[PDB]
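Chain residues, written in single-letter form:
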Amino acid sequence: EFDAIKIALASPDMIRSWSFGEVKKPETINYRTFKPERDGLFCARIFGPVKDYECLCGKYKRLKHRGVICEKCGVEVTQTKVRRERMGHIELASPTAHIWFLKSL
Amino acid sequence: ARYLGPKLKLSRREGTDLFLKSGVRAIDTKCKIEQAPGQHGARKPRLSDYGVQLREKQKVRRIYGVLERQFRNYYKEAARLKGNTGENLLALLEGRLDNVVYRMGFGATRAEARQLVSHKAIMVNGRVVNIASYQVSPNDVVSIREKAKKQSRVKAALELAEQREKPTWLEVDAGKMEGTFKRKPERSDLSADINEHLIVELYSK
Amino acid sequence: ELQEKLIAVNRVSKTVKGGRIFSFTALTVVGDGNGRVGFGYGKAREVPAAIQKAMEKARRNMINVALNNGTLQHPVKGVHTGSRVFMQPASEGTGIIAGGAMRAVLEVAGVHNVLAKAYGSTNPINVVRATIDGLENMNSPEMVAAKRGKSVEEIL
Amino acid sequence: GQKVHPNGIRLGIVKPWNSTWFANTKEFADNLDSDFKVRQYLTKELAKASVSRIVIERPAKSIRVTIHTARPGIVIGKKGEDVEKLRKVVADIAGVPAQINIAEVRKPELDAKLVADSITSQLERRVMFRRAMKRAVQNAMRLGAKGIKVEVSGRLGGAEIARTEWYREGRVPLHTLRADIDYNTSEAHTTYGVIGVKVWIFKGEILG
Amino acid sequence: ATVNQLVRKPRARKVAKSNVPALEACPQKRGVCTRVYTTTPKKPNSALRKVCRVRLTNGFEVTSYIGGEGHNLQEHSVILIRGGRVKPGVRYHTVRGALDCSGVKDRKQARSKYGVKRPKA
RNA sequence: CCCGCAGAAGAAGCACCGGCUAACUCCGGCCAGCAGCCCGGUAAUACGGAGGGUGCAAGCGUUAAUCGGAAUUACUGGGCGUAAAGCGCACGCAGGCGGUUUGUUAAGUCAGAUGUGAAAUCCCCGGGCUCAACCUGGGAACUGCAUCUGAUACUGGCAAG
RNA sequence: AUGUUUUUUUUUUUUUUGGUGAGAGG
Ligand SMILES: [Zn+2]
């Protein structure tokens, strides 16, 4: 299936290629209900729908159009484990050097 | 010439959220969106073949706020035009000035947008257009005029839109309050739940 | 994955010494939204059971239909008993222009675009059968080429 | 009125009696009356508790009741609080020292009377009678009844013309005396009228 | 059927006669009530159906049904008939609320169909 | 046509809700009434009123009238043993159709051109009235008719077999 | 020898497929 594991540095183009959406707002969740934040840390469009094959907000409640993204939801339409593999990226305003390459001794 | 009654009732009847209210407050809180209107709401027997089609037609009409004769005319036009009929119809519907405005985000609802259009707030290529049914063309810039630019409602609408997903077929500026209708939208850009085909069939009786 | 449409349900009687024994016939049709279609005609003392039976029948003895995209490959006539049926391929967008039992069969079959008239009888059971026959007989371009000893470009 | 009562025909063989006492012609009628009273009371009380069979048995100027119920917990309540309460009232009804025993009914889906009661309840709370009947039949079958029949009659779905409908499953031999046929009946006092529910449950044949 | 045959003698169109000939292709006609009366309908129905024999403007003597509950019509009352047959020999209806025929009293639904003005409140 | 003024202000009804047919409940005795075709005799989703709904909307119903559905006069596109429909049977003029080969003709047939087929209307791409209807530029079309020049498989004529 | 000789609506829809810290045993 696969030979050796390769480790290298992460270019900003490589980190934008990993990503699926810029995580802007720090707002985690709503906390008074059950819904998350659009668009905060735990987003919908950047990552995926909490429920499997469902727009979290409201459209597609069967198995026909898996993928459509309406403007009222700003949500993808895939599996419950799809968010576990998808990662976001934070556009750091000011450059910050890595601590692992500045203090490794 | 307009539907002036309860908006959420229509939505309830349809089954779906038609976006007849701004979207500050969720539709489930404002009304029993699952339950149909009237005394006999909880009862829900499977509809007929004709009936489903009719319902579908209503939904679309409701969404845009287009009465029957006009709708029929639009359908006819679509049929006349080359390409897929339902798609064409959809495009035509989109093309309406009020709808475009709504998309841009100068109206909270489509109704609001329509009202704005009526009240000589909107200009298309620097010329005040008052007709909600005005079919906006490709590359036709459409803007709020300087008199109506100070209104608090407009900014609210814009804000609402910003929360809502941005359509690919337009390009809008919040500061300038002018949007360019870049191209007539593809079927993929529009909502998937609308069965245009049913509508087409209904008129092809 | 399979979609199934109960076309009609009809109450049928048998006279006996006491009086009339009633029963119910269910005509259903099932399809995968591609070539495969199958109608089933089930019968029972109660409706739901009958319907179930019909569905079961449908699910076995399916039939394949060559579909050029969303529509048919050429105009095709199909007859069965009273019901004689004409159906004609049509351009994307036009929808299923067809009446009653005939429509249902088409829908499941995964034809999206047809112009179809049912001449003669419109007795659901017969008409669906006719439709099925029409679909079945309808040959594709490739098939025709194979038959004739030619390439597809020779036939166009 | 064609059929013989399935319990009644089998009392000598496979089915036992409910009231189980001896009395001379003098005291017999009175005893019967007492039984009727107590039973009536019990039915009134333990309606919410699923009660199948009250078995009265009076030796030596003292009445022994035995309540067969699906859920003892609701009949007993707190340990010896409700039962005790019941007892004194029973005694009063009789005019003798009372003793209540409570038998726990294993498999209330196979007890016919209970099933009937359930069906009646369902009818009262406006379900589809047919669906209820199906449920009754199915459940019994699942539980291991050799067979079951249920019948419901009159004003079904509030219809003007009354009719009877019935569902059988497995085998329910009524002519066979040695067959353990648990039969019982109930009545749904609906808005349109009464709906009578009969149910036969065939546990199996006894060999002796 | 045979093409030659057809040529010789072409296909005859089925000439359908009008079931309301006293109108003479008019939407309504004015008429005077020659007499007003009740009649019993055929099986399986049972009623006293109110009807008037009307001499029309164009000369025909017809009989016209009178719809709604109650009517003011007498002999020599000028009424408008509209066509429509009650399911023997009545092929026309009096238009309630036209000429001398009054609108139906105390009616609130389908008011148009019985000449009734909109109730004020 | 544009600008200014005031204030939600002056501005919603009609039909329908038994099935066909989108929309259901309660209250009033084969009467009163309904009805396009197929209810009402005391629990009427069918009559009348109400509440609730559905469809249209400055209109909405009804009537009349035409085509449609009606492949129900079937050229496209039906039939006739029993459903309506094979003359009782023949001969036979007119008429319709006509085995096979060659030659010729070129009437039918086909091709191209020319003339015409008024404008408006319809349809296509445009333009102008804020949009639309409406107006409007150019095209296409007007399936035809006539004439000229070809083609000659098929049908016809003529000549020989 | 003989039967169109007491008709009236006593009406058609399913089910559907988690960190932190403390203590004990070995
Ligand atoms: Zn969605």
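Residues numbered from 1 in each chain as written, not as in the entry; some residues may be left out. Chains lettered and ligands numbered in written order. Part of a larger assembly, values for the part shown. Heavy atoms only, no water.

Undergrad: I'm lost on the overall build of chain C in this one. Help?
TA: Scanning chain C from terminus to terminus reveals five helices and seven strands. Taking the principal axes of its C-alpha atoms as reference, chain C extends roughly 70 × 35 × 30 Å. Relative to its full complement of 156 residues, chain C shows a buried share of 38%. Sequence-distant contacts, at least 24 apart, represent 53% of the contacts inside chain C between residues at least 6 apart. Looking at chain C as shown, the accessible area adds up to about 8,500 Å², and 50% of this sits on carbon and sulfur atoms. In chain C, which carries 20 positive and 12 negative side-chain charges, the distance between the mean positions of the two groups comes to 16 Å. (Helix = DSSP H or I, 4+ residues; strand = E, 2+ residues; numbered from the N terminus. Buried < 20%, exposed > 50% of the residue type's maximum accessible area, 1.4 Å probe, protein only. Contact = heavy atoms within 4.5 Å. Areas by Shrake-Rupley, 256 points an atom, 1.4 Å probe, with all protein chains shown as cover. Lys, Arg positive; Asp, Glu negative; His and termini not counted. Charge placed at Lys NZ, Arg CZ, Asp CG, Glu CD.)

Undergrad: In this structure, what is going on with the protein's contact with RNA strand G? I would like to understand it.
TA: With respect to spatial proximity, the complete set of residues near RNA strand G consists of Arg11(C), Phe24(C), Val47(C), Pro48(C), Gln52(C), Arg131(D), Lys134(D), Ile161(D) and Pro44(E). The sugar-phosphate portion of RNA strand G accounts for 83% of its atoms within 4 Å of the protein, the bases making up the rest. Within the side chain of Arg131(D), a nitrogen or oxygen atom sits 3.2 Å from a base oxygen of RNA strand G. One of the side-chain N or O atoms of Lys134(D) is found 3.2 Å from a phosphate oxygen in RNA strand G. Here the element with the most residues in the surface near RNA strand G is helix α1 (residues 47-59) of chain C; it accounts for three residues. Residue composition of the surface near RNA strand G, grouped by class: five nonpolar, one polar and three charged. (Near = heavy atom within 4 Å. Polar contact = N/O pair within 3.5 Å; in protein donor to acceptor, adjacent residues only side chain to side chain. Nonpolar A, V, L, I, M, F, W, Y, C, P; charged D, E, K, R; others polar.)

Undergrad: I keep staring at the coordination of the zinc ion and nothing clicks. Help me out?
TA: When four donors bind a metal tetrahedrally, each ideal donor-metal-donor angle is 109.5 degrees, and when six bind octahedrally, the ideal angles are 90 or 180 degrees. Around the zinc ion, the protein supplies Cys55(A) (SG) and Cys70(A) (SG) as donor atoms, at distances of 2.7 to 2.8 Å. With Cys55(A) in the loop between β1 (19-22) and β2 (87-89) and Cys70(A) in the loop between β1 and β2, this residue pair connects regions lying 15 residues apart in the sequence. (Donors = N, O, S within 2.8 Å, 3.2 Å for Na, K, Ca; no water.)

Undergrad: What am I meant to see in the interface of chain A and chain B here?
TA: The parts lose accessible area when they come together, and the size of an interface is often stated as this lost area. Contacts between chain A and chain B engage nine residues on the former and eleven residues on the latter. Both sides together, the interface formed by chain A and chain B hides about 930 Å², and carbon and sulfur atoms give 47% of it. Broken down residue by residue, the surface that chain A buries against chain B is led by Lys59(A), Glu71(A) and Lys72(A), which jointly contribute 62%. The tally of links between chain A and chain B comes to two salt bridges. Put simply, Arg103(B) and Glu71(A) hold a salt bridge, and the shortest N to O gap is 4.0 Å. Residue composition of the side of chain A that touches chain B, by class: three nonpolar, two polar and four charged. (Buried area = accessible area lost by both parts, 1.4 Å probe. Salt bridge = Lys/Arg side-chain N within 4 Å of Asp/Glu carboxyl O.)

Undergrad: Looking at this model, I keep getting lost on a nonpolar patch on the surface. Mind explaining?
TA: Residues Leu9(A), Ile99(A), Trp100(A) and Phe101(A) make up a contiguous nonpolar surface patch of about 570 Å² in total accessible area. Turning to its location among the elements, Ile99(A) is positioned in the segment after β2. (Patch = residues over 30% accessible without salt bridge, like charges linked within 9 Å, V, L, I, M, F, W, Y side chains within 5 Å.)

Undergrad: Quick question: what am I supposed to make of the pairing of strand β4 (residues 76-80) of chain C here?
TA: Note on strand geometry: in a regular strand, side chains alternate between the two faces of the sheet. As defined by bridge partners, β4(C) adjoins strand β5 (residues 83-89) of chain C across five bridges and the pair is classed as antiparallel. Opposite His80(C), over in β5(C), you have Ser83(C) as the bridge partner. (Pairing = 2+ DSSP bridges.)

Undergrad: Where do I start with the sheet that holds strand β2 (residues 63-69) of chain D in this structure?
TA: Remark on secondary structure: sheet strands pair via backbone hydrogen bonds, oriented parallel or antiparallel. Residue and element names in this part refer to chain D. In spatial order, the strands read β1-β2-β3; together these three strands make up an open sheet with mixed pairing. Edge strands, defined here as strands with exactly one partner in the open sheet, are β1 (51-57) and β3 (98-104). Going from strand to strand, the sheet's axes swing by 20 degrees on average, the running direction of each strand aside. Of the strand pairs in this sheet, β2 and β3 are connected by seven bridges, and their pairing is parallel. Bridging across to β3, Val65 finds its partner in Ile100. Sheet strands touched by helix α2 (residues 28-45): β1 and β2. Its angle to β1, the strand with the most contacts, is close to 150 degrees. (Axes fitted to C-alpha atoms, helices over the stretch in contact; angles between N-to-C directions.)

Undergrad: Whenever I open this one, the domain arrangement of chain C confuses me. Can you help?
TA: All names here are of chain C. Domain parsing of chain C yields domain 1 (3-63) and domain 2 (64-148). Taking only C-alpha atoms into account, the centre of domain 1 sits 22 Å from that of domain 2. Counting the surface lost from both domain 1 and domain 2, the interface buries some 1,400 Å², and carbon and sulfur atoms represent 75% of this. Across the domain 1-domain 2 interface, the total number found is zero salt bridges. For the pair domain 1 and domain 2, the number of links is two residue pairs in polar contact. Of all the secondary-structure elements, those providing two or more residues to the side of domain 1 that touches domain 2 are β1 (3-15), β2 (20-31) and β3 (37-44). Looking at side-chain class alone, the side of domain 1 that touches domain 2 contains nine nonpolar, five polar and three charged residues. (Domains from an automatic or database assignment.)

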